[PDB]
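Q: Starting off with a structure, shown below.
Here the Cβ positions follow ideal geometry from the backbone for every residue, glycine too, while neighbour counts run over all protein chains shown. Quick note: the coordinates plus some simple rules give every number you see, no bench work behind them.
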Protein chains: 2
Amino acid sequence: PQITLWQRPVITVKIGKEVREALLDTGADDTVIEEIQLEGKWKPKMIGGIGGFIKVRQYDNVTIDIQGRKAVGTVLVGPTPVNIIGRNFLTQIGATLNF
Amino acid sequence: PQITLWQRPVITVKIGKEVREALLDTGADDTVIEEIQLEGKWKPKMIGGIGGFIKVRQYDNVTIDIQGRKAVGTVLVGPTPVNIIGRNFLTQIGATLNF
Ligand SMILES: CC(C)CN(C[C@@H](O)[C@H](Cc1ccccc1)NC(=O)O[C@H]1CO[C@H]2OCC[C@H]21)S(=O)(=O)c1ccc(N)cc1
Ligand SMILES: [Cl-]
């Protein structure tokens, strides 16, 4: 779809076979979700945003389905204020910014 | 243009009287710049992100030029890690997120 930006671009997705809502975020390098258990081993990491750093659990090779588009990649789990889909998955579904 | 997301969508923009670079950020409601002299009156606000809150100065009615697309609107000035153009200006330049 073509998504205008008069409201936040929040979409329903499936992450690791769980339905979640998330913000499509071109300003995020990475995908960050709060309170989910995913497959495989995780690795601790730190990421920073506008207000400082948070600790996250990094899971690799997680499947995300965005309106029929499947991608597999890294998901960070930690106390983000809102769930975010970042560029690591937006590139895999061929998302672009257009003006 | 049609901008892919394999690298951060950083573009050059003119903000008030100053050329700056900034990140095109669909996950940001508002545009936030660090250390820019803007004219007019301002009001103090906080905004929050990953990691917590920062205190900004809110300036209304600032002119930005993005690749020839001119827009007027609110700019927040404060200690953001990187400059970001948020939806309040993305909508005004006709940007959409597509996939
Ligand atoms: C500031 C960006 C360079 C980075 N962020 C993405 C950004 O889109 C967040 C995404 C975001 C969105 C909501 C809440 C927290 C974070 N937006 C944000 O902080 O926007 C602020 C300015 O406008 C306001 O509207 C939203 C909060 C304010 S980030 O959330 O900190 C971030 C950092 C690292 C990764 N991997 C993923 C995301
Ligand atoms: Cl700059």
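Q: Find out how many positive minus negative residues lie around A:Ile93, taking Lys and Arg as positive, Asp and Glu as negative, among other residues whose Cβ is under 14 Å from that of A:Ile93.
A: Local charge sum for A:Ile93: +2.
Q: Note down the net charge around A:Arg20, summing +1 for each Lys or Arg and -1 for each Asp or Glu among other residues with Cβ under 12 Å from its Cβ.
A: Spelling it out: positives minus negatives among the neighbours equals -3.
Q: Only Cα pairs within less than 10 Å get springs; with that Gaussian network setup on chain B, which residue of B:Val19, B:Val72, B:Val56 has the largest fluctuation?
A: B:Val19
Q: Hey, what number do you get for the protein assembly as shown at 222 nm if only DSSP H runs of n ≥ 4 count, each worth -39500 (n - 2.57), divided across all residues, to the nearest 500?
A: -500 deg cm²/dmol
Q: B:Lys55 to A:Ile36: FRET efficiency via 1/(1 + (r/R0)^6), r the Cβ-Cβ distance, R0 45 Å, to the nearest 0.05?
A: According to the calculation, E is roughly 0.90.
Q: Among the listed pairs A:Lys14/A:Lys70; B:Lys17/B:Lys55; B:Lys17/B:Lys70; A:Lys17/A:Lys70; B:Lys41/B:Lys70; B:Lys17/B:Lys45, which are separated by more than 19 Å between their Cα atoms? Numbers along the way, then the final one.
A: Values: A:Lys14/A:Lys70 9 Å; B:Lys17/B:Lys55 23 Å; B:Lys17/B:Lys70 13 Å; A:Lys17/A:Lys70 11 Å; B:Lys41/B:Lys70 21 Å; B:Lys17/B:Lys45 23 Å.
Beyond 19 Å: B:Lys17/B:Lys55; B:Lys41/B:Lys70; B:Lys17/B:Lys45.
Q: Then there's this: May I have the pair-distance distribution P(r) for chain B, computed from all Cα-Cα distances with 10 Å bins from 0 and rounded to whole percent?
A: Cα pair-distance distribution for chain B, in percent: 15, 53, 28, 4.
Q: For the range A:1-90, state which chymotrypsin sites (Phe, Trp or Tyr not before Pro) are in a DSSP loop and have at most 13 other beta carbons lying within 10 Å of their beta carbon.
A: Working: sites: A:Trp6, A:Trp42, A:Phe53, A:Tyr59, A:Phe89; in loops: A:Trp6.
Sites meeting the loop and neighbour criteria: A:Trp6.
Q: Within chain A, list the trypsin sites (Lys or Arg not before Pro) lying in a DSSP loop whose Cβ has at most 15 other Cβ atoms in a 10 Å radius.
A: A:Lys17, A:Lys41
Q: In addition: Please list 3J(HN,Hα) in residue order for the range A:28-36, calculated via the Karplus relation 6.51 cos²θ - 1.76 cosθ + 1.60 where θ = phi - 60°; whole Hz, with x for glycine and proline.
A: My calculation for the range A:28-36 gives 9, 5, 10, 8, 10, 10, 9, 6, 8 Hz in order.
Q: Moving to a separate point now. Taking the dipole about the Cα centre of chain B, with the C-beta of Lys and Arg at +1 and of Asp and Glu at -1, give me whichever of B:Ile64, B:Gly27, B:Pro44 is farthest to the positive side.
A: B:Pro44
Q: Please report, for the Cα atoms of the protein assembly as shown, the Rg to one decimal and the Dmax as a whole number; what are they, in angstrom?
A: Here Rg and the maximum Cα pair distance are 16.9, 54 Å.
Q: To the nearest 20 Debye, how big is the dipole of the protein assembly as shown about its Cα centre, given +1 on the beta carbon of each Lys and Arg and -1 on that of each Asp and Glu? The partial results should precede the final answer.
A: Values: 24 positive and 20 negative charges, 4 e Å.
My answer is approximately 20 debye.
Q: So, with +1 on the Cβ of K and R and -1 on the Cβ of D and E, and no other charges, what is the size of the charge dipole of chain B about its Cα centre, to the nearest 20 debye?
A: 160 debye
Q: What are the nm distances, shortest first, from B:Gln67 to its equivalents in the other copies, labels at 7 Å along Cα→Cβ?
A: Copy-to-copy label distances for B:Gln67: 2.1 nm.
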